[PDB]
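Just so we're on the same page: letters track the sequence lines, and every chain starts at 1. Values below: every heavy atom of this structure, side chains too, minus hydrogens, waters and symmetry copies.
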Amino acid sequence: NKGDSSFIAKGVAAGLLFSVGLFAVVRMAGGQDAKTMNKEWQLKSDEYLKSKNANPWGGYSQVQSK
Amino acid sequence: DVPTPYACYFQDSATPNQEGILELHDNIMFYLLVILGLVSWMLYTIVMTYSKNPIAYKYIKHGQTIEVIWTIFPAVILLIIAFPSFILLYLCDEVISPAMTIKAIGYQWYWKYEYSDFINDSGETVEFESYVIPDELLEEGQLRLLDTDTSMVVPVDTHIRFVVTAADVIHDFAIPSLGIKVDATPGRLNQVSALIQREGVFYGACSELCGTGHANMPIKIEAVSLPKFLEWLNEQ
Amino acid sequence: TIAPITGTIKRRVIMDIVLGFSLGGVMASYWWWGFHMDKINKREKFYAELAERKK
Amino acid sequence: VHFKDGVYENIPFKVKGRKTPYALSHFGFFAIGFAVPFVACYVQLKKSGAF
Amino acid sequence: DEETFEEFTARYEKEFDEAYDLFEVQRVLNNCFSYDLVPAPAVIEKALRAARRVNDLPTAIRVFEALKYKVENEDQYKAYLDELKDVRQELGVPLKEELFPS
Amino acid sequence: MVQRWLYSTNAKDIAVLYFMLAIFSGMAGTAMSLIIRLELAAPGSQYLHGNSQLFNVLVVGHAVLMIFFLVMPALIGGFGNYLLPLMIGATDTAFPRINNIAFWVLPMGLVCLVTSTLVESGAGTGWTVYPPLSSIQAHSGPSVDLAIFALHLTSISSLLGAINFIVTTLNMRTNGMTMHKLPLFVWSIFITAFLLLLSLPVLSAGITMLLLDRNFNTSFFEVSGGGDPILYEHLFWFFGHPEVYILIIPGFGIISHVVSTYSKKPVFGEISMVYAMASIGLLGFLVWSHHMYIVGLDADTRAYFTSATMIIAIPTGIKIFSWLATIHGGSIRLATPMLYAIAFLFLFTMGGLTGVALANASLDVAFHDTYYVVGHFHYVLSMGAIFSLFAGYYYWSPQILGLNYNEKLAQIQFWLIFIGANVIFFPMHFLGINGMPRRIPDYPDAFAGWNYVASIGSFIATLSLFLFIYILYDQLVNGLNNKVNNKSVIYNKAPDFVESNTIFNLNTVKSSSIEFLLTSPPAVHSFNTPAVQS
Amino acid sequence: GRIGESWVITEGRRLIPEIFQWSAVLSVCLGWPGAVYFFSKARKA
Ligand code: HEA
Ligand code: HEA
Ligand SMILES: CCCCCCCCCCCCCCCC(=O)OC[C@H](COP(=O)([O-])OCC[N+](C)(C)C)OC(=O)CCCCCCCCCCCCCCC
Ligand SMILES: CCCCCCCCCCCCCCCC(=O)OC[C@H](COP(=O)(O)OCCN)OC(=O)CCCCCCCCCCCCCCC
Ligand SMILES: CCCCCCCCCCCCCCCC(=O)OC[C@H](COP(=O)(O)OCCN)OC(=O)CCCCCCCCCCCCCCC
Ligand SMILES: CCCCCCCCCCCCCCCC(=O)OC[C@H](COP(=O)(O)OCCN)OC(=O)CCCCCCCCCCCCCCC
Ligand SMILES: CCCCCCCCCCCCCCCC(=O)OC[C@H](COP(=O)(O)OCCN)OC(=O)CCCCCCCCCCCCCCC
Ligand SMILES: CCCCCCCCCCCCCCCC(=O)OC[C@H](COP(=O)(O)OCCN)OC(=O)CCCCCCCCCCCCCCC
Ligand code: CUA
Ligand SMILES: [Ca+2]
Ligand SMILES: [Cu+2]
Ligand SMILES: [Mg+2]
C-alpha cells in the first residue's frame, strides 16, 4: 500500500541502530585490553621490523591504536 | 613476512613457489570477474524492466541455440585456467639437487628442529625446541602470539629440503610468505622445498587443530647470509 | 498498410548479453592492468636494485 | 483414525480458549532453546575454577 | 513452433469468430497478445467485433490499451489509431485517455 | 490428543513435528555462533576466561546443530514429508510406521549430544573428529562416545526416511502422472534420497571403527599398531561432500517453484533441469579428496581431483542460466518469497566462484584451514540453503496453516538478514588471504580489524531472527485478521491484463501443481477418488 | 519500411540510465569495507 516502502526503510534503519547499540553495551562487560594494544608498544614493533627489512614493497606497520 | 592490520591481499613473497601461487590466483580472478559482471548485470536489468511488464511471455520455454552455447562457454573458460594450474602443480612437487635438509617435528604445543648433515666442525646433530614466549614474559615491542624463544636459521639463495612429521597428533607446518603448507602426521614423513631470495624474518603458525594449545604454537624463520649461517651453526 | 512488428524481445536479449560481457570485461581489465600489474612492477624494482647492491 | 479439520486443529499446541496467554508458551519455548549453550558454559566454567 | 506471421492472423481471426461468451473472448484475447509480435490491424478489428457480440464495453477499451503497451514507438500506436478509425467510431469505443482525461 | 501425536501414522502430522524440532534447534546453534563471535571480537581473553577447550566444544556443537538438527529435518523431514505425497496424489507414504521412527530418534539424539558437552570436558575436536586427537589418549572419558552415538541416531533417521521417499515416488503416483511429469520439487527429494542411501553406510563404518579404537583395543587408525590416521579422512570425506549436495538440491527444487510462480512463466528448459540435478548428484561421488590436498598424496592423484572438481561447475551453471531465462520476459511480483530467490541467485553465485579457486590443488596451498574457506561455505550454506528455507516457509505456510502473515513486517526481516549476513562473511576472505588460521580462539593483533567488523554483523543477523520469531507469533494469533485488513498478500498471482476482476473470481488459482488446489488447511483425508491428469 | 525512430535511439534511451544505476549498486555491495578503513586509526594516521 501507499506509505509502506517508507515504513520499511524506517524499520530497517531502526533495526540497525538497536543492534549496534546493544553490541556496545555487551562489549562493556568484556575483558580488559591486551597489554600490547597501544601505540607506544606498536611503534617499537615497527623498529624491529624495519631493521629486518619486513615487507619491502607492501608495508609492515603495526600501528592501529591510540 | 608479517600480517598487517586491515590487509586484503597476500603477504609479500620470498620464494619462486609463492610467486607462482600468486600469479595463478590473479589469473583466475580475471575470469571470475567477467562472470560476476555478467550475472549481476543480467539480474539487475531483468528485475528493473520486467517488474513493470503487464503481459508475460508465457510461450517461451526453450531455445536450442542458446542452450548449446551456454553449455560450451563454461567449458572453454574452465580449460583456459587449467593449463597454468597443471604446470604450477608439477613445478612445486619437484625437489631436485637440494643443498641441505632440515627436520621439523610437531609436539603438543611446541616445535622441534634437527640438522643432521654433519657440516659443522664437530659433526654432531644440532637440535633445539621452539616455544612461544608467554604473555607474562614478553618484552615491550615483541609480537604477541608470534615471537618464539628460539628460531630456525637458514641461509639465503640455497635450495633447502624440509622433512616434516609429528609425535602425538596431527599438526601442520605452514609459513604464508614462503608458500609452504603440509600436514604433519604421526607415522609418515612428508617433504617440501624452498629457495629464499631475500633476507628477513618470516612468521607462520600451526594449521591442524591439535587441542587446547592450537593457537600457541607459532613458527619463526630467519634467513641470513652464508658466512653468517656457518658462524651461527658452528656455535649452536 | 502497417508492416509487421516482430522480434522485439529477441533482439533485446542479444544486447543484454553483449552488455554483460562488456561490463564484466572492464572490471577484469582494471584488476589485471591496474592492480596486479602495479604490484608486479614494485616487486621487480626491489629485486633489480638488490642485485646492484651486490654489484 | 478420524480427526477434526479447521484452522487450529492440525497443530499439537493450544492457541485459543486457554487460561494462560499463548505468549508464555510461544516465547518460553524459544527461550529454552536459546538458553542451553549458556547452561553448558556455566557447568564447565564452574569445573575449571573460574567461578 | 514454426508459424509465419500470415498463418498467425488467419488462425486468430478464426479463433475470434468462435468465441461464445465473455470468458471465451477474454481468454482468446489474452493468448493473442502473449507472443513476440503485435497483432495485425485485421486481427484487432475481429476482437472488437467479438466483444460487441457479447455486449461488453470495457473489454473493447482494454484492446487499445494493450496495443499501446506492445508497440515500440508512439508513432506505431498512432498508425493503428489511423487504420482502425471507422470501427472505433462505428461501434462507439472511446480511448482510455479520452475517457479519463488528465 | 496423546495418540494423534505420539502414535501418529499420518505424514502431514509428522512433518509438523519435524519443523517444530528443527526450529528449536536453530535457536541453540545460533546462540553458540553468537558466543563464538563475541570471543573473537578483540585480542585477549574476552568472555570465556581463557578456557580454550570450552571454545572448541562450542564450535562442534554449533556445526552439528546447524547441519544435522536444523537444515536436514526442515528441508527434508519437513517439506519433503508434507509436500511430496500431496504433489503426486498419494494418500500417505509407504511404510507409515517407519516414517514415525525416523522422527523420534532425533529427540533421543539431542539428549545424547547435549549431555556430551556437560560430561567431563566435552568434545573439542571439530565436526570432522579426526584421530588421534579424538582417541582416548588425547580425549579421555565418555564425551566423544556420546557424540558418536548422537551421529549414529541421525544416520538411522536419514536412512530410514530415504528408503520411504524412494518407494513412495516409484509406486504411488496418481492416474496419468509418469516420471517425466513430476514436479521439479519431487525430483529434488528423489535424487537426494539416493545420495543418502549410498553415502551414509560409509560414514557408519568410519565412526564405528573410531569407537572401537577408543574402547576395544583396536588399531584401525592407531599408529603404534600399524593403523593410519589418513584412512579415517578418506572414509569421512567420502560421505562429507555428498552431504553438502544433500543440503543444496532440495533448495534447488524450492527455488524452481518460487521463481516460476512470481514470473507467471514456466521454468525454462524444464527437462534439462532434471538432467543437471542428476549429473551434480553423480559427480559428487568422484571429488572427495579436494579436502585432503596437503596431506601428502601423489601429484598424479592431485591432478585428477582438480579436473574432477572443476567439471561440476558446468551442470551447476546450466541451472543458474536457466533460472535467469525464466524470469526474463516475465511479469514479476515482488512478494517476500521472491525477494529471497533473487538474493539466492546473487549470493550463491559468489560462494560458488570462490569454490572454483579452491578446486585447483596448486592454489589450495595458500587456502588450507584459512578463514578464506570459512567464507566460501557460509556463502553457500547460510546465504544459500538458509535463504531457500525462508523462501519455502513464506511460500507454503499460509496454505498449510490457514493463517496469513504481516507482509511489511516480513520485508523488514528480509533486509535485516541480507545486510547482516554480508557483514559477517565478506571480510572472512580478507583475513584468510592474509593468512589467518581457523579454529583458534585467539590471534595476533594485526587481525583485529576485520574481526571487529564481523562481530558487529553477528548482532544484526540475530536481531533479524528474533523478528522472525515475532512474525510467527503474529501469524498464529492474528492470522485470520490478516486476511480481512490490508496487512497481507492474498493472491500470489494477480489477474492478467485483459482479465476482468469478476472473471478472475471464477478461477482464483492458476497452478501447475496440486497443492494450491486443496482446502487451505488440507483435509486429513485428502484423496478418496484418485486425481487424474492427461 | 519502419514507422518511428530507430530502435537504437529507443533502446539507448532505456539502458544508459541503467548502466549507471548498476555500477552504483555493485560498488556498494563490494566496496563498503573500504569506508570502514577510511575512518580507522590505522589509515593514513
Ligand atoms: C547449516 C550450516 C551453518 C550455518 C547456518 C552457520 C551459520 C553461522 N556460522 Fe557457522 N559453521 C558451519 C556451519 C554453519 N554456520 C560449519 C560446518 C562450521 C565449521 C565447523 C568447524 O570448524 O569444525 C562453521 C564454523 C563457523 C565459524 C568458525 C569458528 C572456528 O573456526 O572455530 C564461525 C565463526 O564465526 C561461524 C559463524 C557462523 C555465523 C555467524 C552464522 C550466522 O551468520 C547465521 C546467520 C543466519 C541465521 C541467524 C540462521 C537462520 C536461523 C534459523 C533458525 C533458520 C530458521 C528458518 C526457518 C525455519 C524458515 N561458523
Ligand atoms: C551447500 C554446501 C556447499 C556447496 C554447494 C559447496 C560447493 C562447492 N565447493 Fe565447498 N565446502 C563446503 C560446503 C559447500 N560447498 C563446506 C562446509 C566446506 C568446508 C568443510 C570443512 O572443512 O569443514 C567446503 C570446502 C570446500 C573445499 C575444500 C577446501 C579446503 O578445505 O581446503 C573445496 C575444494 O575444492 C570446495 C569447492 C567447491 C566447489 C568447486 C563447489 C561447486 O559446486 C560450486 C559450483 C558453483 C558455481 C561455479 C557457481 C555458478 C556457476 C556458473 C555461473 C558457471 C560459470 C562459471 C565458470 C565458467 C567458472 N569447497
Ligand atoms: C547510511 C550508511 C549506514 C550507516 C552506518 C550505521 C552503522 C555505523 C556503525 C558505527 C558504530 C560502531 C560503534 C562500535 C561500538 C563501540 O565502539 O563501543 C564503544 C565502547 C565499547 O567498545 P570496545 O572498545 O570494544 O570496549 C572495550 C572493552 N572494554 C575494555 C571496555 C572492556 O562502548 C563503551 O564502553 C562506551 C559506550 C557505552 C554504550 C553507550 C552508547 C549508546 C548505547 C545506548 C544503548 C542503546 C541500546 C541498548 C538498549 C539496552
Ligand atoms: C543493494 C545495495 C544495498 C543493500 C543494503 C541496503 C538495503 C536498503 C535498505 C532497505 C531498502 C528499503 C526500501 C523499501 C522497499 C522498496 O524499495 O520498495 C520499492 C520497490 C517497489 O515498491 P514501490 O516503490 O513501487 O511501492 C511502494 C509502496 N509503498 O521494491 C523493490 O524494488 C524491491 C527490490 C527487490 C530486490 C531483490 C533483492 C535484492 C538483493 C539482490 C541483489 C541485487 C543484485 C546486486 C547486483 C546489482
Ligand atoms: C565473495 C568473496 C570475494 C573474494 C574476495 C577475496 C579478496 C580477493 C583479493 C581482493 C584484493 C583487494 C584489493 C586490496 C586493496 C588494498 O590495498 O586494501 C587497502 C585497504 C587497506 O589496505 P592496507 O592499509 O592494509 O595496505 C595497503 C594500503 N594501500 O583495504 C581496503 O580498502 C578494503 C576495500 C575492500 C576492497 C574491495 C574488494 C573488491 C574485490 C571484489 C572481488 C569479487 C569476487 C569475484 C568473484 C568471487
Ligand atoms: C506452560 C503452559 C502450561 C499452562 C498450564 C495449563 C493451564 C491451562 C492453560 C491452557 C494451555 C494448555 C497448555 C498445553 C500446552 C500448550 O498448549 O502450549 C505449550 C506448547 C508446548 O506443548 P507441545 O504440545 O507443543 O509439545 C512440545 C513440548 N516440548 O508450547 C509450544 O509448543 C510453543 C511452540 C510454538 C512454536 C512452533 C511454531 C511452528 C508453527 C507451525 C508451522 C508449521 C509449518 C510446517 C511446514 C512443514
Ligand atoms: C545400534 C544397533 C543398530 C540397531 C539398528 C537400529 C534399530 C532401529 C530399528 C529397530 C528395528 C525395529 C523394526 C523396524 C523395522 C521394520 O519394522 O520394518 C518393517 C517394515 C514395516 O513397514 P510399515 O510398518 O512401516 O508399513 C506397514 C505395512 N504393513 O517393512 C518395510 O518397511 C519394508 C522394507 C523393510 C526395510 C526394513 C529396514 C530394517 C530397519 C533397520 C534399519 C537400520 C539401518 C541402520 C543399520 C545400522
Ligand atoms: C551488502 C551489505 C552492505 C551493508 C553496508 C554496511 C553497513 C552496515 C554497518 C556496518 C558496520 C560498520 C562496522 C564498524 C566497526 C567499527 O567500529 O569501525 C571502527 C572505525 C575506526 O576504526 P578503529 O581502528 O578506530 O576501531 C576502534 C575499535 N574500538 O570507525 C569507522 O570506520 C566508522 C564506520 C564507517 C561507516 C561505514 C559503514 C559502511 C557503509 C558503506 C556505505 C557505502 C560505501 C561505499 C564505498 C565505495
Ligand atoms: Cu599443533 Cu594446532
Ligand atoms: Ca579473543
Ligand atoms: Cu567438498
Ligand atoms: Mg586440515
(request) Measure centre to centre between the rings of F/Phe190 and F/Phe165, then say whether the value is under 6.0 Å. (result) no

(request) Run the ring-centre check on D/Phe29 versus D/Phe13 and record whether the distance is less than 6.0 Å. (result) no

(request) Could you point out which residue of F/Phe238, F/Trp237, F/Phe236 forms a ring pair (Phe, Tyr, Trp, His ring centres under 6.0 Å) with F/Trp288? (result) F/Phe238

(request) Could you name each residue pair satisfying side-chain hydrogen bond (donor to acceptor under 3.5 Å, both in side chains) that touches residues 66-75 of chain F, not counting sequence neighbours? (result) none

(message) Test of understanding: with salt bridge (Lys or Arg N to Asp or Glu O under 4.0 Å), list the residues that count as partners of E/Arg27, not counting sequence neighbours.
(response) E/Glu24

(message) Please verify the inter-ring angle class for F/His378 with F/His62; under 30° counts as parallel, over 60° as perpendicular, anything in between as tilted.
(response) parallel

(request) Please check if the distance between the ring centroids of F/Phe348 and F/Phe387 is under 6.0 Å. (result) no

(request) Please report the C-alpha distance between F/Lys510 and F/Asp496 in whole Å, then the side-chain angles of each, then the deciding distance to 0.1 Å, and finally whether the salt bridge (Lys or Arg N to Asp or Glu O under 4.0 Å) criterion is met. (result) CA-CA 11 Å; F/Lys510 278 108 184 173; F/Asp496 290 326; 5.6 Å; no

(message) Are F/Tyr395 and F/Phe516 an aromatic pair, judged by ring center distance below 6.0 Å?
(response) yes

(request) If the plane angle is over 60° it's perpendicular, under 30° parallel, otherwise tilted; pick one for F/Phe68 and F/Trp127. (result) tilted

(message) Among F/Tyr82, F/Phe185, F/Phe19, F/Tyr405, exactly one meets ring pair (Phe, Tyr, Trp, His ring centres under 6.0 Å) together with F/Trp396. Which residue is that?
(response) F/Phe185

(message) For F/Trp187 together with F/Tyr275, are the ring centres under 6.0 Å from each other?
(response) no

(request) For a side-chain contact (heavy atoms from CB on, under 4.5 Å) with F/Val259, tell me which candidate from F/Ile342, F/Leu324, F/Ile254, F/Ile327 qualifies. (result) F/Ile327

(message) Listing request: all side-chain hydrogen bond (donor to acceptor under 3.5 Å, both in side chains) pairs with a residue in residues 305-318 of chain F, at least two apart in sequence or in separate chains.
(response) F/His290-F/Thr309

(message) F/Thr326: which residues meet the side-chain contact (heavy atoms from CB on, under 4.5 Å) condition with it, sequence neighbours left out?
(response) F/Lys265, F/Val267, F/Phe268

(message) I need the full list of salt bridge (charged side-chain N to carboxylate O under 4.0 Å, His left out) pairs touching residues 170-184 of chain F, with sequence neighbours left out, sorted by first then second residue.
(response) none

(request) Hey, could you give me each pair passing side-chain hydrogen bond (donor to acceptor under 3.5 Å, both in side chains) that has a residue in residues 340-350 of chain F? Not counting sequence neighbours. (result) F/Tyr340-F/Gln413

(message) Run the side chain to side chain contact (heavy atoms under 4.5 Å, CB included) test on F/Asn404 and F/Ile490 for me, step by step, so that the C-alpha distance in whole Å, both residues' side-chain angles and the decisive distance to 0.1 Å come before the verdict.
(response) CA-CA 8 Å; F/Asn404 279 42; F/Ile490 306 300; 3.9 Å; yes

